[PDB]
Structure formats: C-alpha cells, structure tokens
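In each ligand, atom 1 is the first atom listed, and ligand 1 is the first ligand listed. Chain identifiers are assigned alphabetically (A, B, ...) following the order of the sequence lines, protein sequences preceding nucleic acid strands; residue numbering begins at 1 within each chain. Only heavy atoms go into these numbers, but all of them, side chains included; no hydrogens, no water, no symmetry mates.
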Amino acid sequence: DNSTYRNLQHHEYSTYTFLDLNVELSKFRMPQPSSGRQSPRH
Amino acid sequence: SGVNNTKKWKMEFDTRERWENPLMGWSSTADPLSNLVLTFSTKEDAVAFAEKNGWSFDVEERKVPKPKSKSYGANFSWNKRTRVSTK
Amino acid sequence: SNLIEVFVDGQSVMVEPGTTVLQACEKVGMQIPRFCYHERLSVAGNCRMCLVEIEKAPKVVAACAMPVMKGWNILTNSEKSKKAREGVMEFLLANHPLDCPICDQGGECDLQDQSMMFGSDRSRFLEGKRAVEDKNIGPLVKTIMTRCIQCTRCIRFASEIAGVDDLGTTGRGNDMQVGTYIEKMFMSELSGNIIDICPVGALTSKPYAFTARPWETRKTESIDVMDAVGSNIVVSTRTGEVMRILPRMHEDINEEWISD
Amino acid sequence: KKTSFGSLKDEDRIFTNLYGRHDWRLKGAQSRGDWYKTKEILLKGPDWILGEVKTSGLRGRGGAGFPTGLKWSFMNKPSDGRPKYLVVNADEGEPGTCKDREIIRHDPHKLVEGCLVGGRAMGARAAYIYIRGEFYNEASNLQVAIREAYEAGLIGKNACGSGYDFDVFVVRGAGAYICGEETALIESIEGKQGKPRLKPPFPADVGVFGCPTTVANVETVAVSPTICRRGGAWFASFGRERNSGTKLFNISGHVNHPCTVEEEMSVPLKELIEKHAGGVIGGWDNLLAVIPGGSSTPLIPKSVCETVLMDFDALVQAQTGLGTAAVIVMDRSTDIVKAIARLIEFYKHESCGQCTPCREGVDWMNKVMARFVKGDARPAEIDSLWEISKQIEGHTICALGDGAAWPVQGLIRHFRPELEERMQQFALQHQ
Amino acid sequence: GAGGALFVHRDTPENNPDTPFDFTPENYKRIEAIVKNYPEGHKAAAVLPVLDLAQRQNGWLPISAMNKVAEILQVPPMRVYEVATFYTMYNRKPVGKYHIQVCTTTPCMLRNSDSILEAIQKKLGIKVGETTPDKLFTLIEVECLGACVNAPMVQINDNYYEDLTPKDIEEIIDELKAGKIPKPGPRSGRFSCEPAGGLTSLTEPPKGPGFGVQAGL
Ligand SMILES: Cc1cc2nc3c(=O)[nH]c(=O)nc-3n(C[C@H](O)[C@H](O)[C@H](O)COP(=O)(O)O)c2cc1C
Ligand code: SF4
Ligand code: SF4
Ligand code: SF4
Ligand code: FES
Ligand code: FES
Ligand SMILES: [Mg+2]
C-alpha cells in the first residue's frame, strides 16, 4: 500500500507536454472578456 | 525641479551692446545699468518704484502651473489608454 | 463641495479627493523633495525621496503616490521624515561617481542641491563603487550612465510624451541599466527634452558639452520663431554670446517642452 | 482550554497524500474525500463560505500572516462591469520552503477544488495559477489534473451542476524570487518585469489586467475546501487563539532526517525537531541556531528556541515571526556568519532593483557581510551596519527590503561577540 | 557575487537581427492557445510563455527570436528585451544541451553542497561558469530551487535530482554521457521528502469520502 511510490509518470514527460496539455484544454474554456480595444496602444 | 527661485518679483533693465576687447579678448560694456537687478515682494511695489524713478516699464503677469490630477491607479488601467507599457 | 480637510504641520487646507500628499504640501506652500516625480509624467515611486510622515502612523508614506484622506496631519519637518530623507540620499550617493568637476550639470544638479539641503555631510560608504558602460543614442544627447540614479523619468517621457518605446530598463538588482539594449539612435522631434527632465548629468546636451556653467550665464526670456507654435524659450548667454536655449513654462502653448 | 499542542492524529491531517504513497489523479482524490459535495458548497452561497472561513481563524500561509477571511471579504462586492480574478501564489521562492511543491505535485485536485471554492466565495470569473518556472514536472502534473477535472465536468461551464462557470489557468514564471510578491506576480502575469507596484490601489480594487484580484497562497486555497466541508469550528479547535489550524513544516539543515510534516500549529520547536526530523545531528546540545520561518525571519539561539512555540504571536514575541514555517537548523560546527552572508547575497541577487533603498542598501549590506566573513572590518562598523538595516526597513516598496534587513539585524543582535572575535583575530594575524 | 553576464547586446555574425528564426506550425498552434488563454486586448500578457517556447524550440534566445516574438505579439521589441534580460531562465547565449544548475543557498550549503560542485568541476574539467569544449554540458551556480528539504540537489533540463553525493553526481554525469536519461528523483532510496526511518506521519490508511462533514451539508 504505502510502501510503494505512485508518482512515476513524470519520468516520461517531454519538453512540450505543458504546451500540448494547454492546447488540448483550449477547447474546454469559456470565451474571454474584452477591454473594448485591440490593445492599450490602439 | 526646485521652485524656490520663482517667489519674488524681479525688475531688470534691457540688454545693450557688448563687444570684444581688442586686447585679451574680454567682453566690454558701455552701460552702467546692465548688471542691475532689483527684488520686490509684489507687482504693485515694483510698478510704484518704476514710476517713482521715471522708468518706462513692461510688466508681465506671474505664471503659475495649473493644478494637475495624478493617479497611481491609472497606470494599470483595464480599458483606458493610460496603461503603462513598462515601469 | 466635495473638498476634504487635511492638515499640513497643523495647518488646515481644502483638497479635492484624489489629491496626493505632495500636492497638498505644495498647496500649503512647501516643496517635498523629489527625484522621480514629474507632474507631466506618470507616478513611479522609485526614488523614495518624497517619504513623509503622517501623524499617528507608524509607517512613512510616499507623498508623490499616496492619495490623502480626511483628517491626516502631514508632519513634513518631523524627525522621522528627515531621517528617511537622509537615508535615501545616502543610498543614492553610495554608488554615485565623483564626477562633479567634470559633470555638465555642476551648478544645476538636483542631486547636489537636495544633498546640501536634506542630506548628510559625510559618507560611511567604505566599499568600491560600480561603473557601467556608456550608451550611444545619437549626436544630440551625450550619455554617461555611471551618473544615472535609475529614476526611470526618461523612459516614461519617451513612452508617453514622445510615443517612442526605445528606452527601457535591462537587468535586475544593482546592475539594472537604462538604455536601448541595442545600438539604436533615439531619434524624435522631442528628443532633447530628456536632457532637461533627467535630474543628474547622465543625459546632457552634446553640442553644449564643456562650454559654460549655470551661474555664469544670463537668462533672457524670449519667443521661439522656428515654427508657428511660438513656444516660449529662455536664451542663456555668457559675455555677449548665446550659450544655449532652454524651454520656458507656458501651460497654454508648449507646456514645458520645446522641439529639437 | 487546551494548553499543550503538538499531537496531531494521522486521520486528522489535511493533506493525506503528502508523501505521494497513493494515486494523485482524480480517482485517488475522490477515494480520499476530494470533490465531495462541492455542488452543495457552491450552492450555499459566497456569504456562507466567507463566514465559515472567518470563523475558521485561518491566516495567510504565504508569510504575511494576514487573516484570509478578511482578505477574501474585500472582493465580495457588486460587479462594476469588470471581471474578477483569483491568483494563486505558487512561486515558492523563499529558501527553506518546499511545502507548496509537495502539495502541488502529489495532491493537485485539492488545489483545484480550493481554487473553485475560493472563486465562488469571491465571485471570481477565473483562477490563474502562477507556478514557479523551475517547477516543470509539477506544473504539467497540475495541468493534467486540470484536464481531468474539465472532462469530469467539475470546472468550466456549469461546473459541478451549480450553474457557475469557473476556468482555471496555469501560467509559468521564469526564475524570479521577487515574482512571489503579490503585486510583482500580477505584473509578471500581465507580461512586464516582476516589479512590485505601490499600494494603494490594492489588488482588491485594481489587480491583474486592472480588474479586481485576490492573491492567495497554495496552502490557503488548498485547505479552504476541507475547512468548508468539515466546518470552521473544527479547524479553529487546533492551535491557540488567533493561531488556529494545522501547518505544514519543512525541517532542513543540520538534522538527521530533514522532512516535510503536517502538524498542529502551536507545536514546540524542540518537540518538532526531535519527533519528526529525528533530532539535531550530534544531539540537542549540538544546536547553535535556528531560522524558523525561512530566510526572511531572523534567527534565534538555542536558549530562545528551547521553549518556543510555532505560531505568529509567540514567534513575534521572540522578535522573529513565523513567516512560512521553514525551519533551518545549524549546529555549533558551522560558520553562522557565512550562512547569513550567503542569505544576504541571495537577497542581493534576487531584488528587482526599482527602488533605491532595497537595491543600493542590499548591495551595500552584501559587501559589508562579505567583508565581515573575513573579519576585515572594525567594531565601529557593526553598529553602522545596524543603522543601514534600519535605513532599509520600512522605506522600500515591497517586503523584500524588510526580509533582507531582518536577517542582518538578528545575526548582529544574537552573535555580536562572534563578529567582534573574528575581526579581532583578523587584526591579530594581519597586524 | 558578480554576475559576469552583460545586459547589452552587440551585433555578432552568429547573433544578429538577420539570424534566421521562425516558429514551426505546431509552435504556432501552441502560441494560438497561449494567446487565447488571456483576455482580449491584453495579448502582451503572453510575452513570458511564448518567449520561453522559443527557447524550447532553439535552446537559446537570439535577438532575432526576440524581434519575432515582438512582431507576433504586436508589442515594442524593447519590452521583449526587458523581459528577456530580467528573468534568469532565459538564455541569451548558447548553452550546452544539458544545463546543470547547482543550488548553493544556505539550506543546501549547510548540507555540504560545495562537494557536489567540486565533483562536477573535476569530472567535467571546467570552471563554475564555463562550458565543455564539445558543447554538451554547461555548469552554473544558482539560488534556491524549491527543494531545500531534499538538499543537496541539482537541476538538469527541467529535471530534479535530490539527495546527491559525489558518487551519485558522477554516476548521473556519466549516464548522461552514455546517452541514457537518468530517472529524476532523490537518491539513497527515498522519494518525496519523508523521514528516512521515521515515518512519523501518514501511516494508517486514508479515510474515505465524507468522513467529517458537518451537519446541514
Ligand atoms: C519578495 C517576496 C517573495 C514572496 N514569495 C512568496 C512565495 O514564493 N510564496 C508565497 O506563498 N508567498 C510569497 N510571498 C508573500 C506574499 O506576499 C503572499 O504570497 C501574498 O501576500 C498572499 O499571501 P497569503 O496567501 O498568505 O494571503 C513573498 C513576499 C515577498 C515580499
Ligand atoms: S550628476 Fe550631479 S552629483 Fe553627480 S557628478 Fe554630476 S553634478 Fe555631481
Ligand atoms: S538617465 Fe536620467 S532620467 Fe533616465 S533613469 Fe537615469 S537619471 Fe532618470
Ligand atoms: S524592495 Fe527591492 S525587490 Fe522590492 S520593489 Fe524595492 S528594489 Fe524591488
Ligand atoms: S518622488 Fe515619490 S517616490 Fe520618488
Ligand atoms: S536552498 Fe537549495 S533548493 Fe532552496
Ligand atoms: Mg541632465
């Protein structure tokens, strides 16, 4: 039970895992609000 | 940014000719009143002095910077253009 | 009206809400020491020279950036505020170079005058100072960044007044520098004004370099004629010869800046 | 009523997957009691959650020590047409601190549920997690957990069937300890340098993107849902008055078994070292000094720490402060002056440098301490250094200046004879 | 002490604005997601992630990469330069494919963190700030990495190796030299900062859902 370690998945993380997870979660999110302009320099 | 030199009124004479000294190249002035400057507490006192001494005078109203509203909050504005790009 | 009552050294005065402690002090008639605050530029809060004590408050507030509320009694000449000013000047002068005889801002330096009036008279800094390499931003502004106090006033002026984002702070900590990070010329029709706002001799006038001293010159208030704006100027002369031209304040025509 | 503290039952701890012996994904969290009756908590309203937190007596775990109920309460206002956000402080920049990493890489679902509960309580539209840049594996673990939550329809549109939409975002920093500070973190999220902004305006009025914002530590939001579920009175039962709850303690330095343990708040320092950490190496008599709250807090000698407790009030009485509860111990066989000089050097390397007091004075103190390590100075300088610290503390923008002044003050106050002896020796050898 | 890295940029044949750099289409998708994370009208908030992504594509950040990021995000290049020079994880110079960072802050320095640095220097034959002649390793000294309780420790390209000893660090270095990637984690048969023989906490089985829910909920 508690004798073994159960966090061995992170041994198999590449250099793009964070960004890939972000890009796949991009479809699960509500639309962002808007400030009314393209940018503060606009 | 100091403002301590803009408290009193100054009366000064007009600029006249200055030339280069033929020997040693110094600057020469033929008029005595060139270095003269007087300090007055208010405009009325200076005007009275000028009239009493019989000098034609030009008087200019004092210029004071207008009050300006400054807000720290404006730098991090949500929608207005006062947002700072960096600090 | 909506004016609120605030006390400066026990003297009451009416101020509109949103007025900072520094503006209330000016309204009473006193000038809080400052290095980074400019009325025409956004509030920064870097130099911490405007630190003033509010009565019955254990912490010293920054007068330039702190809005005042009803009932505050600003103790400008209190012991705590004086000690804070002395400490801030000591920290500012810890790494400043001994360049006063060769500096172009000798007799018109805010650092010198504010050290004379509000700072101490000796140094306990027994270490070696820092030194940063000079930048090149064109043939108008001579740049000596060893004298920079990192007030980020030129950066704000360029970003807001001139609309040019060439200037910025690169680095972190003591070795944070003000510059462009690349070999780029800061070129604009209002480029020279950064010479005037810079309190120290970090940014100076290249054509005027090593020419005169402020106490020598005579000031003549006149009108600029190179454009139809008619900005007011001060011709600074010396022994019957024009030394330089400086902007003159007029809130309705040119504010306090002039074109290149 | 209770006087003795320091005996926390195993079943009564908050983070049951602290050591990672169980599964950290959604199935493991559900098996351990996470995501249980969250819909009822959300439907109970923000006022009820805020009242539960206030009666819980929970205090800020980031190091400030402010009450979180009162802090959270500021955001509970009618909408002004601007979105409200919640920011979670996961920078972990303070030396000696490791708790947030272990609770973000081994129990992320508690963090996510706490983010949802806090957003509901404060009316926040979304929550931004600012994980430290170096923490890459745990950031991806948190991301995977977030994805799992989205699938189970636990967050996002109609989260938990309560008709409330909450989105959790994770952003990564890049090697900046100053980014731990709340305003500096807000600036970093906004895309600028991590330079703290002055207050006022407070983040509750003008925060991230100019919107109302509240910055809360990872541990605080992580324990919030458990307090809501089990009641605030139960959390208030532990510890003393104004110091209620359980705390995660990192113990490191010269100990036999440095470790992270969850324990009741007002546990004595000696009991905490001897029980969990296995005691000071070489016996208790070998202890020389201890910094109980990370680098920011001043150190205390053996005599003060013989009978001292771990809470905000008692450690403030000892002129130290609890801070982040990061105990670093040093035995008699170390150069304490060297350790404090290393800490001051760390503070010198990790200052944004926008305000002159912190920048110039901290570089000055680093130079002075490096000279002290060799004993190259004179005794009259020591008091000078003290004054320098007093010219830094209270005059800076953020608390990094105070956190750099305090270690020097504590070291001077408690080991002035050691410094004087070292400089006397240097004068003797160098004639 | 002294940094040793310049915060100004001088043009180089290797590092000039004409240096070729562009994002792969997958990186463009990732950039689109990153920008979509932030509210509209505040794309500048994506300066920090996108820049880091460029590093992951290239291994370091040339001036061309900074200019490309500024062009993509429609922000002045000076702000990108500020961000790059402020944060320490952005490599403005080329580095080895394995970047070793040793923590020497006081909690690590107490647990003999100098021995590991000396062992790395001896094994690699380089100083504390140089790089190997064959361009594989790059040693550097860093501040607290958040694993003080598991000291001493080393970070090598987003991987943490804890409870290190000279023998362990030499073994890690030579395994990296061979090619096989060593497993991240603490050494000496310990995982996630529990007492080595104490186990004073988290012993009995965890309690199930709804153990202590208060009444009325
Ligand atoms: C220089 C500096 C660095 C800080 N770093 C952290 C940090 O890494 N993690 C943290 O939780 N708090 C940190 N803090 C304390 C923050 O103020 C705190 O996160 C924030 O005020 C919210 O704290 P709370 O969640 O306990 O209410 C830091 C403070 C300063 C001045
Ligand atoms: S900037 Fe001022 S204080 Fe510094 S050298 Fe020049 S004149 Fe002297
Ligand atoms: S160059 Fe002058 S204006 Fe610019 S930051 Fe330095 S001191 Fe301030
Ligand atoms: S105290 Fe230091 S870190 Fe904080 S704002 Fe000032 S210079 Fe930056
Ligand atoms: S004048 Fe206010 S902080 Fe500089
Ligand atoms: S002291 Fe080594 S990781 Fe922080
Ligand atoms: Mg100047």
For [atom], what is the closest protein heavy atom, and at what distance to 0.1 Å?
| atom | value |
| --- | --- |
| atom 6 (Fe) of ligand 4 | D:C355 SG, 2.3 Å |
| atom 1 (S) of ligand 2 | C:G201 N, 3.2 Å |
| atom 1 (S) of ligand 6 | E:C148 SG, 2.7 Å |
| atom 2 (Fe) of ligand 2 | C:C109 SG, 2.3 Å |
| atom 3 (S) of ligand 6 | E:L145 N, 2.9 Å |
| atom 4 (Fe) of ligand 2 | C:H96 NE2, 2.0 Å |

Nearest non-hydrogen contact with [atom] belongs to which option: [options]?
| atom | options | answer |
| --- | --- | --- |
| atom 2 (Fe) of ligand 6 | D:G294, E:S113, E:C108 | E:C108 |
| atom 8 (Fe) of ligand 4 | D:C352, D:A404, D:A399 | D:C352 |
| atom 7 (S) of ligand 4 | D:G353, D:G403, D:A176, D:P196 | D:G353 |

- State the atoms of ligand 4, each with its element, that fall below the 4.0 Å cut-off from a heavy-atom position in D:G401. 1 (S)
- Message: Which of the numbered atoms in ligand 4 are under 4.0 angstrom from any heavy atom belonging to D:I178?
- Response: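 What qualifies from ligand 4 is 3 (S).
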- Task: Can you spot which of D:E138, D:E219, D:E92 makes a salt bridge (charged side-chain N to carboxylate O under 4.0 Å, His left out) with D:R101?
- Result: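 So the option named by the test is D:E138.
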- Item | Single hit among D:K348, D:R342, D:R132 for salt bridge (charged side-chain N to carboxylate O under 4.0 Å, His left out) with E:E143 | D:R342
- Item | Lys/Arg N to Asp/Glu carboxylate O, E:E82 vs D:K192, below 4.0 Å |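 Salt bridge absent between E:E82 and D:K192.
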- Message: Do C:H96 and C:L111 make a side-chain contact, defined as non-hydrogen atoms from C-beta onward lying under 4.5 Å apart?
- Response: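 With C-beta onward as the side chain, the pair touches.
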For [X], take its heavy atoms, then give the atoms of ligand 6 lying under 4.0 Å from any of them.
| X | answer |
| --- | --- |
| E:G146 | 3 (S), 4 (Fe) |
| E:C103 | 1 (S), 2 (Fe), 3 (S), 4 (Fe) |
| E:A147 | 3 (S) |
| E:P107 | 1 (S) |

- Query: Under a heavy-atom criterion of less than 4.0 Å, does D:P95 contact ligand 6?
  - Reply: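 False for this residue.
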- Look at the N, O or S atoms of E:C144, main chain and side chain alike, and state whether any lies under 2.8 Å from atom 4 (Fe) of ligand 6.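 E:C144 does place an N, O or S atom closer than 2.8 Å to atom 4 (Fe) of ligand 6.
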- Query: Taking the six-membered ring of D:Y130 as reference, does the NZ or CZ atom of D:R172 fall below 6.0 Å from its centre and within a 45° cone about the axis?
  - Reply: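 Judged by the rule, D:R172 and D:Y130 form no cation-pi pair.
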- Would you find a donor on one side and an acceptor on the other, under 3.5 Å apart, between the side chain of D:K199 and the backbone of D:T183?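 Not at all, since once roles are kept as given, no pair shorter than 3.5 Å links the two residues.
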- Using modelled atom types only, decide if a donor and an acceptor are shared between the side chain of D:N250 and the backbone of D:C98 within a distance under 3.5 Å.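 Present.
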- Message: For D:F346 and D:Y177, take the angle between the two ring planes, folded into 0 to 90°, and tell me which bin it lands in: parallel under 30, tilted 30 to 60, perpendicular over 60.
- Response: tilted
- Shortest non-hydrogen separation from D:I178 to D:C352 and the atoms involved: CG1-CB, 4.2 Å
- Should we say atom CD1 of E:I156 is surrounded by more than 12 heavy atoms from elsewhere, each under 6.0 Å from it? yes
